[PDB]
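Student: Each residue of the sequence shown is one higher than the one before, counting from 20 in my numbering. For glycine and all other residues, C-beta sits at the position ideal for the given N, C-alpha and C. Pasting a structure here, questions to come.
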Amino acid sequence: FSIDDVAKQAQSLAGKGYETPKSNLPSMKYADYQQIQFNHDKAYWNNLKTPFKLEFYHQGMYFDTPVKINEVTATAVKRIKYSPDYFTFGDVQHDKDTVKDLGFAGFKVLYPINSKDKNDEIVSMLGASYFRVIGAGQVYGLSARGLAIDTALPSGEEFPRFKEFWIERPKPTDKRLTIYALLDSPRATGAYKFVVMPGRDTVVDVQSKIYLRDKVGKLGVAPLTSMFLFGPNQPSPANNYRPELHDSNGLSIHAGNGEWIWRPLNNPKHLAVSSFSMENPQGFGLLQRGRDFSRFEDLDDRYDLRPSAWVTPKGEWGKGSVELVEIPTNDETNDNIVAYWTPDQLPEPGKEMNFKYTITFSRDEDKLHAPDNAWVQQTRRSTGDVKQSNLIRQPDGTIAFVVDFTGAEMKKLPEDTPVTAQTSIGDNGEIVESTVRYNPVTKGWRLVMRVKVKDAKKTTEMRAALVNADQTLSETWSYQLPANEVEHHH
Ligand code: NA
């Protein structure tokens, strides 16, 4: 069994009219749902000699369609049948006749990633083509997807879904788990081979074969979905003991031409789409830079322990854009950040597309960056004059940003190193002041940029990179001041 077996099924589906899935759920309040729990004593492979274990999700609410799950042993492909016996329901029905047409909603993978005597979750595959992944000592944060379609387009995003999985039984000695997945969507289908490698960083190897059943406005490859409520770049308007609240705070990109770009995330008042056009992207990911607990202070959610996800393409992906979508949100309950690679041109429907890449879920951001290129540790917004601290100061139309850089090589540079800053700003803004100074506390350099906005109702974009005389010392801080962000009222 290989990806070809799945691809064959994908190609077939792509050559026929799309079959809209039909709900198979009978009569549910969320409270009741939370009562349906998987009997940990029923973990798949709990009887096998293998560190990996499987658990399943039960249908209910908006998980109104099932996914088929098969196990791939050395000699056979066995369909893992759904049974209410895998779960405990307590208060809910679950009659062997009321759950007759039910199947699994999704599945999770367990592994002793933290300690030998505990099978902790490391992967969760549930809903559309979404899945969550974590490394050692981490807590669930951002999600990845098998594919994204027409995201942020006025015509409406199309959400493909994984309808079937093939999980091969690992040898007792295996440290990796292979998962195959069949993806179906109104205008697209696909075949995936996932290879999950748990560790300090849990790395997922991805190979896919996508087929368009019909042309689409936008194809999102290797998508990531996260959440950003507020942070020092745009602090919470309402009092909150939490200084920050987010699963990611920036989009990191290693451009086709070698430049490193860092786009701090926002929670704009209006839908924001940012496109970084390039050819052959070397890498991109939604990162969580700054993991000291004091940035978050939340003991229940532990944002400080949530993974950064870095996508590394295998091969040349050609012309397209690493796109960032920021959605207005008032709550941390719904993800508002999306990132992906979207190709400029697509081949004719039915034509096969091959994408190979790895997704690294890590807490070692410094290791997800080139050592000889400084990165932005944090971005702090402040009123125009950074020297001023008066509490009743009236807006003077100007705004400032304190951007702190640090890095392996930078930490060694001498204090008196004449570090300069190459800046730039869009037509809607003007750079009033731009200074760089050494930070003896961090052993890095601090940039203070003050800019004035011409029209607060329009978007304002600026860029800055630390340079030396002989070279470029840091990634390019690429910031966007959302429209209506610095507007005063009432
Ligand atoms: Na602190």
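1. Name, in chain order, the residues that DSSP records as bridge partners for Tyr63.
2. Might you give, ordered along the chain, the residues of its own chain that have their beta carbon closer than 8 Å to the beta carbon of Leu387, omitting 5 neighbours on each side?
3. When DSSP builds the beta bridges, which residues end up paired with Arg456?
4. So, is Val215 buried or exposed, given that buried needs 16 or more other C-beta atoms within 10 angstroms?
5. Taking 6 Å as the limit between beta carbons, can you name the residues of its chain near residue 19, skipping five residues before and five after?
6. Of the residues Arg325, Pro300, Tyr81, which one's Cα is nearest the Cα of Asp311?
7. State the DSSP-derived secondary structure class of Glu278, mapped to helix, strand or coil.
8. List the residues that DSSP assigns as beta-bridge partners of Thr221.
9. Does the beta-carbon of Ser313, which I'm using as the reference point, lie nearer than 7 Å to any heavy atom of the ligand NA?
10. Rank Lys375, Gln364, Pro205, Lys476 by C-alpha distance to the C-alpha of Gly416 and give the top, closest one.
11. Can you give the Cα-Cα distance for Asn373 and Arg206, rounded to whole angstroms?
12. If we count the other Cβ atoms within 10 Å of its Cβ and call it buried at 16 or more, is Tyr101 buried or exposed?
13. Just reading off the beta strand (DSSP E) that residue 5 is part of, what are its end residues?
14. Output yes or no for whether 8 Å exceeds the beta carbon distance between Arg308 and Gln396.
15. Would the segment 187 to 205 count as touching the segment 343 to 358 if we require 3 or more Cβ pairs under 8 Å?
16. Less than 8 Å between the C-beta atoms of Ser340 and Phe295, yes or no?
17. Between which two residues does the alpha helix (DSSP H) containing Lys27 stretch?
18. Since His507 contacts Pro414 with CB under 8 Å, what's their CB separation in whole angstroms?
19. Can you tell me whether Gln499 is buried or exposed? The criterion is at least 16 other CB atoms within 10 Å of its CB, across all chains shown.
20. Determine the contact status of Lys462 and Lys430, defining contact as a CB-CB distance below 8 Å.
21. Hey, how far is the Cα of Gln226 from the Cα of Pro459?
22. Along the chain, where does the alpha helix (DSSP H) that runs through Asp51 open and close?
23. Take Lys370 as the anchor and find which of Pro189, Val111, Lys234, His77 has the nearest alpha-carbon.
Tutor: Taking the definition as stated:
1. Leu73
2. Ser271, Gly304, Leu306, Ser327, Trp329, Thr379, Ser381
3. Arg465
4. buried
5. Residue coverage of the chain in this structure runs from 20 to 509, which leaves residue 19 outside it and unanswerable.
6. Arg325
7. coil
8. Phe380
9. yes
10. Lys476
11. 17 Å
12. buried
13. Since the first residue shown for the chain is 20 and the last is 509, residue 5 is missing from the structure and cannot be characterised.
14. yes
15. no
16. yes
17. 22 to 33
18. 5 Å
19. buried
20. yes
21. 46 Å
22. 49 to 52
23. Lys234
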